[PDB]
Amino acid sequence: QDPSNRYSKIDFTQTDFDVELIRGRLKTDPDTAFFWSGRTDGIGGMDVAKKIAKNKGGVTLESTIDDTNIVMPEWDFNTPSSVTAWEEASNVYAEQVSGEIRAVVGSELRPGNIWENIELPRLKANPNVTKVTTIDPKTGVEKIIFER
């Protein structure tokens, strides 16, 4: 659970996934966490979210995973173990955020996307979250979708 134990490589393509081994590495500083899902007019994805987050002084799930020396299984909608691993990592990341949260959300989302079905409900249940603002991945339009 220690955020400073963040240097030794944890490679989940070579070991069994257990989210409790990375709970500390998934911690974030307040008012920095980003989420993302979907595309607008084809524009979006994990890399657009990473660029937007880093330009605004924040982090994403994937940037946190990379920066803390974790390798996740390749996500594939038809490989159950990788679906479960990403769902659990997303849930623990979301459990631990605080303050003002941002999300790069496209107008077209995949069925079963983790944002609508896992992460956003977790954030609404998180008393430490004070605001959720979406950012369109193509246009940059921002909307406050939740403010407690």
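Numbering starts at 1 and runs along the sequence shown.
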Read off the CA B-factors in the entry, average them over 118 to 126 and over 94 to 102, and name the higher stretch. 118 to 126
So which stretch wins on mean C-alpha B-factor, 52 to 60 or 82 to 90? 82 to 90
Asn69: C-alpha B-factor third of its chain, per the entry, is the highest
Could you tell me which third, lowest, middle or highest, the C-alpha B-factor of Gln14 occupies within its chain? highest
Please place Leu21 in the lowest, middle or highest third of its chain according to the CA B-factor in the PDB entry. highest
Could you tell me which third, lowest, middle or highest, the C-alpha B-factor of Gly38 occupies within its chain? middle
